[PDB]
C-alpha cells in the first residue's frame, strides 16, 4: 500500500489534473519515504512537501539534502542548491553521481553562467557517452553558445548510438536551426515528436522555429500542443507572449508573460517582458517595480538597464537615470541607441562637456542617423 | 647536480637552442617541483609561439598565485592569445598589493593590467593603471613609453607626472636617467628645457648621436616645421639603421611635406620587399599615392594600414583626410568622430572635427569642439588660429 | 656602473618588455661600444621578430670576425630570414677549428647542419650533425634533429651513440647517458630501451616525465600494441593535449583503432589551435580517410606535405590516398619518391612492395620484402605480405 | 572573505564578477526569503504543503478526500489560481480584468479540445513520415 | 595590382574583398561575412581563423 | 565507519525493495546513489561488486541498454550477475558477443572472485 | 525606367549616376502612360492602350541578444 | 573576382633575353609534389589554373 498511491498520482498527472495526483504522491511518500519517483513527479510541478517530517518523522540526511536540492531546482532558486552542493553532498558523491551532474549543470545553465555548465556535464558526457536522457539541455546550451563543432559531435554520437531516441532528433533539429535552416529544423522536430509524443520540448522548439519563420498560427498551435502535453512549461508561455506582442494585442501578451513569470520568478527576460506589457497597458508606476526588481536581481544585463533608463527618462527621474545609463555604458560600450539617451540626460542635467563627447560617440555608432544627432548637438548649445 | 642542469637549460634557452632547452627544463621540473623551473618551461613554450601549452602547463597544477612571476607569465600568454577576460581574471581588476637589481615584480603586473585595459578600449582605466605602474617602480620604462606614444595623457599632465615621480632608486645615475626619460616627453610645452637637457646629455656623456636623442631632435624639428634639419637628421640616422620603426612615421611625414617623390618610392619599395605585414610599409605606400593626388585610391591603402595595426593615429587620420579632401563631406564627420572616440587624449581629432563643422557652416558646435581642443592642448598655433 | 644597466637589460629580456630591452641594450652598447653589447641588442631584435635590424646591426661594423657569438647570431638571423648561401659563406662550409653552458663551435656546426638540411644535400647534413654531436654532447639538438628525420639507419645511430663519450658530464652522466639512450631508434635493441625505462622510473622519480611516456607509446606503436597507445597517450594527453611530439603516434593508433569521434574532436581543436602546423592538417586528412572520403584526403594530405617536407607520414598518407582512389600508375611513382626521399626507413619500401603486388610484378617485390624484413623480423605486415 | 569556490571551479575569479555574483545572489535570496551573505548561512497533518493553483482551503478539502460585486470576487479568484498569488492584480484597474478573463477561458477551452480513416489513405502517413 | 603583389597568401586572402566603412565598421568577404567593428584585436584573428581554419558541419 | 556499513546495507535493501515492485525510476536513482557512494571503497571488497551489479541491472531494466552494457563490460569478470547483464545486453544489441562467450564459458565451466549472492535476479 | 508616347511608344532605362541607357523596351500598339514599381523593386508594370500589362524583372545590437536567451 | 597575381613582371614576349642563363633548381619535395599533380594533367598546370579560374558572372 505504497505503490498504489504512486499509480494513482501518475494517472491523475497524466489524465486531467495535477492537484489530486500530487496529493496522492504525497500520501505515497507518507507510506514510504524512499519512492524517489514520486518526488520527481511532484517536483515536475511547482509543488513541495515538508521534508523534515517526511524524512525524519546518515542516509536519511543525504536523502533530505537531495530532496532539498531538487525542490530548489524545481522552484528555480539555484543559488541555495549550489551552496548545499558546496557544503553537503561531499565530493566523492558529487562528481561521480551522473544525476547530480545533470542537476548541477542545469542549475548553472539556469544562471547566465554558461562555461561551467558545459564543463560539468561535459564531464558527465565523458562518464556516460551513451546517456540520452536530459541532453536537450546540452543542445540548448550549445545553441546559446553559438558553437557548432560540439553540437555536431553531440548529434553524430547520439545518431550513432540511438537512431530512434527523441532527444537525438531534437538535437539534430537544434543544430539545423542553428546553422542556417528553419524548415529542416521544423521537419526535425515533427519527426522527433512523431516518434515520441508528450515531449513538450519538441513542441516548444517547433513553435520557436515557426515564429522565426514568420508563421504565427503554426507557432501558436505548437505552443498549445506543448501546454497540452505539459501544463507547466514557461518556454512555451514566453513564446506565446512574444507572438501576442508581435501581433500587438497586449492583453493576452501580459497574461502569458505573467503566467510564465509565475513559475520562474528569477529571469530577467520574463521580468522585462512583463514590464513592457505593463508599459503598453500604461501602468508606469507598476512597470518600474518589476524593472527595479530586475536590475537588482541581476546586474550586467543590458535589457534591464536599458528599459530602466527609458522608463525613468519617460517620467523624468533624471538623477537615477544618469547613473543607470552611466553603468549601462560601463558594462557595455557598443549600444547605439543607449548613448543617445546618455547624451539627452547629460544635456538635460546641464553638463555640456560630457554631452559633447557622448553625442560624438553616438554619431560614431550610427552613421545613418547622424543628422538627428547633429540636431541634438545644435540643441546642446 | 641539479644546478648544472639548471644553468645548462638557461644557457640553451638564451642560445635559441629550443629543443634542448625545453628538454632540460622539463626534466629539471620533473626532478623537483620548484615553480621557477615551471616558469622557465613556460618561457621556452612562449618563446617558440606555443602559448596554449604554457597556459595549460601553468593552469594544470594551479601553481599560479603561489609565486607572482608565473602569474605574470600566464597573464602575458593569455593577452597574447587575445583571451583578455581570463587574463584580467588571473591578474585582477585593480592592484592586489596596494596598501634585487631588477624591475619590481608588482610594477610589471600593473603594466600588463594597463595593456589589457587599453586593448579592451577602457582608456580611462588604462590611464590610471599605467600611471600607477610608473609610480610604483621608476625602473620600469615600458608603461611610461606606452603612455607617451599612445597619447593617453595631455602634455601638461605628462609633465606633471614626470615631475611627480622621483629618481631615488637609480642613485648615481640619477641625472643621466632623468635626462634620458626627459628625451621622450611630449612637446608643445617648454621645449627649450628639452633642448638644454639633450645638449647636456650629448657632450658630457658618450651618448652624442644615439637613436633616441636624434629621434627627439627630429620630433622637435617636425613640431617646429624645421623640415630641412628634419630630413638631414633623419637621413644621417637612417643611413645607419635602414628600418628603424621609431622614426619612420616622422620621416615619411617629412618626405610628404617635401614632396620627394623619388625617395618616397624607394622607401616604399624597400619596406614592401622586407616588411609586408607591418602597417608602416602600407602607410608609406599610401602616402606615396597621396603625394601623387590619388586620394580615392589611397583611401584603400590607409584602410589596409589601419586594419593591419590598430591604435595607429597616422593611418586613421590620413584616412579621414582622404575622406574630407574630395567631396563626400557627410561621413567625414563620422570618420573624425571615430578618430576622436577611439583615440582620446589628442587635440588633433577634436580640432579637425571642429574645422569640418566650420566647413559645413555650423558655428556653435565648431566653437564647442575648439574650446575642447584648447582645453586639451593650450600651446598650439593651429587651434588658436582656428 | 655598466653592470647595473646590464642587469636591467637582462631583466627587461626576462619580462618580455621588448621596447625597454632594445632601449637599454642600445644605451649600454653606445656607452661601452663592445661587441657583446651588439650581440645582446641583436638578440633583442631577433626576439622582437625583426631579423633585418639584427643582421644589419651585426654586419654594419663587421663584428662577425671579432667574437664567436655575434657571427652565430647573424647566421641564425640569416637562416630564419630565408637566406642560406650568404649565411653559410659567413659561417664557413667546413670546420675552422678542426665551465657551464655549451661550446659555441658545436652550435655553429649545428647551424651548418641545419643549412645543409635546408639545402637537401643530406649526406653533408649527416656529416655536420655527427661532427657536432661528437665534438660536444651537451648539444642535444645535434642528436634529436638527426634522429627525428631518420637521416641515418638505426644501426649507425646505435654505433655513434656507443662511440660518443659522456665522461665530461661527470656526476650527472649517470642519468644523462640513459636519458640520451632513451631517444634512439626502437626497432633494434628494444629490450635495452625497456631496461632503461625502468632504470629512469626507479631512483629518479621520472616515471611521470613526458619523454619516458612518449618512448613507451612508441614502443607500443612498433609492436602494434595499439590499445596500449590509446590508454597511455590518453593518460598523458589529458595533462598536455598539444605536445607536438606525442600527437603523430596518437593519430596513428587512433586510426588503427578506427574511431572517428575522438579523432574528429582532437583534429578540430588542433585546427583552431595551430593553423599553420602540418600536424593538424595531417590529422584532418586521417579523419577524412577514416571516413573513406578520399578526394578531400588528397588535398588535406597535400597541404600537410607542403607545410613540412620532412613529414614522411604525409607522403605515405598521400600515396595511400592515391592507392585507395582507384588508380595506381601515379601511386607507383608516389611510393617510389617516398622511398627515395627517406632512405633507411623500411615502411615506405614495404608499401612500395605491396603496390608492386597490386600490379603483379613479383620479381622486384621479392627484393623489397627482403630488405624490409632485414630490419623487422616480427610484425604482422611483413609476414602477411 | 566571501567564498566563491562553488560558482566556478577555476580558483580565481575577476573582481567585477565577484561583486556581480554577490549583488545578484543577495537580491535573489531576499526575494524568496522576504516576499547578509550566502556562505554564513544557507538555512531557512497532511504531508502536502503546496500545489500550483490551490489555496489553503483546497488543501483542507483534499485532506477530507473531497451581483456585480460577487462576479468581481469570481473575477479575482480565478486569477488568484492561474497567476500563483500575483500581487499586480490588485493594482490592475477593474475594467482591465474583464478582457483578460474573457481570453482566459477562451485559451483554456482551446486546451480541452487539444487534450481530447480509409485503409489506403491512412498508410500514407506512415510512409511519408 | 603592382603594389598588391607584396602580400602573403593568407594576408591577401583577408584583403581580397575587404571594405572599410567611414565609421570604422569593417566588412570582410569570405570566398559568410565578418561585419564587426575594427580597432578591437579579436575580430581580425577571427577572420584569419575562419579563412585558414577548418570548419566542418559533419551532418 | 561504524555507521558506514549500515548505510550501504540499508541502501541495498531499499534497491531490492524498489525492484521487487514495478518501480524502476526510483530503483535507477537508488542504484546510481549506491554506485557513486561505493567509489571510495576498494575494488576487492564485495560491496563494490554488488553495487555495480545492482546498477547494471537497473540500467538494463530501464531500456537504457547501452549504458548497462558499458558498465557491465567494465567489471564483467568480478561478479556473475554482471556477466549475466553483459550477456543480456549482448543479445539485445549484438555487440561484443565474443567477450560474453569467453566470460560465460569460463563461469559455467568453473562452477561445474564472487559467484553466489543473495541479491535479486541472481541467475541459476 | 521612363514611359514614352506619341513618338516611339517605348520605354527607356536610365542610370542617373553615369548617364547611360542600358536597355529599351517596346511592343505597345498605343502609347505607354502608366508605370509603377513593385515592393521588392523587381517587377515593373506598364500601362498602355494595347490592353497589355507587361511585367519585367530587373532587380532582386544587444536588444536581440536578450530575446535569444530564452529558447 | 580576380585572384592574386604572382609577381609584377610585365616583360612579355621578346626576341632576345639577357637574364636567362641556363640554370635549374635542385629537386625538392615541393617539386615532386608539383610533378605529381602534373602527372594527372594532360595540359600545362598554368593553363589548368587559367581554365579553373572562374569567369565573371
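Because the Cβ atoms are built from the backbone with ideal geometry, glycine has one as well, and the counts that use them run over all protein chains shown. Please treat every number below as a calculation from the coordinates, not as lab data.
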Return the residues of segment A:10-36 that are away from chain D (no Cβ under 11 Å) and within 26 Å of residue A:61 (Cβ to Cβ); say none if nothing qualifies. A:32, A:34, A:35, A:36
Can you name every residue in segment F:71-86 that is assigned to a helix (DSSP H, G or I) and surrounded by fewer than 19 Cβ atoms within 10 Å (Cβ to Cβ)? F:74
Kindly provide the set of residues from segment C:332-344 that are more than 10 Å from chain H (Cβ to nearest Cβ) and crowded, with 22+ Cβ neighbours inside 10 Å, ordered by number. C:335
Reported set for segment E:12-39 where residues are out of contact with any strand residue (DSSP E or B) (no Cβ under 8 Å at 6 or more places or on another chain) and at the interface with chain B (Cβ under 7 Å from one of its Cβ atoms) is E:15, E:22, E:23, E:39
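Please enumerate the residues belonging to segment B:291-310 that are closer than 21 Å to residue E:20 by Cα and away from every other protein chain (no Cβ under 13 Å).
Step one: filter segment B:291-310 for residues closer than 21 Å to residue E:20 by Cα, giving B:293-310.
Within segment B:291-310, B:293, B:295, B:296 meet the criteria.
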Matching residues, segment B:360-370, being assigned to a helix (DSSP H, G or I) and surrounded by fewer than 16 Cβ atoms within 10 Å (Cβ to Cβ): B:364, B:367
Criterion: surrounded by fewer than 13 Cβ atoms within 10 Å (Cβ to Cβ), more than 30 Å from residue A:144 (Cα to Cα) and over 13 Å from the mean Cα position of the chain (by Cα) - qualifying residue of G:18, G:61: G:18
Residue check for residue C:250: away from chain H (no Cβ under 14 Å), at negative phi and either touching a helix residue (DSSP H, G or I) at 6+ places or on another chain (Cβ under 6 Å) or assigned to a helix (DSSP H, G or I) (or both): yes
Looking at segment A:136-154, is at least one residue within 14 Å of chain F (Cβ to nearest Cβ) and surrounded by fewer than 17 Cβ atoms within 10 Å (Cβ to Cβ)? no
Members of segment A:358-373 found to be within 8 Å of chain B (Cβ to nearest Cβ) and either in a helix (DSSP H, G or I) or at positive phi (or both), listed by number: A:360, A:361, A:363, A:364, A:370
What about residue A:116, is it crowded, with 18+ Cβ neighbours inside 10 Å, facing another protein chain (nearest Cβ under 8 Å) and over 26 Å from residue A:45 (Cα atoms)? yes
From the residues in segment C:17-26 that are buried (at least 20 other Cβ atoms within 10 Å of the Cβ) and touching a helix residue (DSSP H, G or I) at 6+ places or on another chain (Cβ under 7 Å), which one is farthest from the other protein chains (Cβ to nearest Cβ)? C:25
For residue F:81, all conditions in the list (1) within 22 Å of residue A:129 (Cα to Cα); (2) under 10 Å from the mean Cα position of the chain (by Cα) hold save one; what is the number of the exception? (1)
In the set B:233, B:207, B:185, which member is over 24 Å from residue B:321 (Cβ atoms), more than 12 Å from every other protein chain (Cβ to nearest Cβ) and not in a helix (DSSP H, G or I)? B:185
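So that you can scan it fast, the table gives a plain yes or no per residue for (1) buried (at least 17 other Cβ atoms within 10 Å of the Cβ); (2) facing chain B (nearest Cβ under 9 Å); (3) assigned to a strand (DSSP E or B):
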| position | (1), (2), (3) |
| --- | --- |
| E:10 | no, no, no |
| E:45 | no, yes, no |
| E:54 | yes, no, no |
| E:57 | no, no, no |
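Go through segment A:273-285 and report how many residues are surrounded by fewer than 18 Cβ atoms within 10 Å (Cβ to Cβ), within 11 Å of another protein chain (Cβ to nearest Cβ) and in contact with a helix residue (DSSP H, G or I) (Cβ under 9 Å, 6 or more places away or on another chain). So that I can check it myself, show each step before the final result.
Initially, segment A:273-285 is screened for residues surrounded by fewer than 18 Cβ atoms within 10 Å (Cβ to Cβ), giving A:280-282, A:284-285.
Still in the running and within 11 Å of another protein chain (Cβ to nearest Cβ): A:281-282, A:285.
From the residues that got through so far, the ones that are in contact with a helix residue (DSSP H, G or I) (Cβ under 9 Å, 6 or more places away or on another chain) too are A:281, A:285.
Matching residues across segment A:273-285 total 2.
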Single unsatisfied condition, residue B:357 versus (1) within 12 Å of chain E (Cβ to nearest Cβ); (2) buried (at least 18 other Cβ atoms within 10 Å of the Cβ): (1)
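State whether one or more residues within segment B:263-280 are more than 10 Å from chain E (Cβ to nearest Cβ), under 14 Å from residue B:231 (Cα atoms), in contact with a helix residue (DSSP H, G or I) (Cβ under 9 Å, 6 or more places away or on another chain) and surrounded by fewer than 18 Cβ atoms within 10 Å (Cβ to Cβ).
From segment B:263-280, those more than 10 Å from chain E (Cβ to nearest Cβ) are B:263-267, B:270, B:278-280; that's our starting set.
Retained after the next criterion (residues that are under 14 Å from residue B:231 (Cα atoms)): B:263-264, B:267.
Retained after the next criterion (residues that are in contact with a helix residue (DSSP H, G or I) (Cβ under 9 Å, 6 or more places away or on another chain)): B:263-264, B:267.
Keeping just the survivors that are surrounded by fewer than 18 Cβ atoms within 10 Å (Cβ to Cβ) gives B:263.
Yes; the residues of segment B:263-280 include at least one that is more than 10 Å from chain E (Cβ to nearest Cβ), under 14 Å from residue B:231 (Cα atoms), in contact with a helix residue (DSSP H, G or I) (Cβ under 9 Å, 6 or more places away or on another chain) and surrounded by fewer than 18 Cβ atoms within 10 Å (Cβ to Cβ).
Is it true that residue A:52 is farther than 28 Å from residue F:58 by Cα, surrounded by fewer than 22 Cβ atoms within 10 Å (Cβ to Cβ), over 21 Å from the mean Cα position of the chain (by Cα) and more than 10 Å from every other protein chain (Cβ to nearest Cβ)?
On the way: farther than 28 Å from residue F:58 by Cα: yes; surrounded by fewer than 22 Cβ atoms within 10 Å (Cβ to Cβ): yes; over 21 Å from the mean Cα position of the chain (by Cα): yes; more than 10 Å from every other protein chain (Cβ to nearest Cβ): yes.
Judged against the criteria, residue A:52 is a match.
With respect to residue B:67, determine if the residue is under 21 Å from residue C:48 (Cα atoms), surrounded by fewer than 16 Cβ atoms within 10 Å (Cβ to Cβ) and touching a helix residue (DSSP H, G or I) at 6+ places or on another chain (Cβ under 7 Å). Explain how you work it out, then say what you get.
Working: under 21 Å from residue C:48 (Cα atoms): no; surrounded by fewer than 16 Cβ atoms within 10 Å (Cβ to Cβ): yes; touching a helix residue (DSSP H, G or I) at 6+ places or on another chain (Cβ under 7 Å): yes.
Judged against the criteria, residue B:67 is not a match.
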Determine whether residue C:146 is in a loop (DSSP other than H, G, I, E, B), more than 14 Å from residue C:91 (Cβ to Cβ) and within 17 Å of the chain's Cα centre (by Cα). no
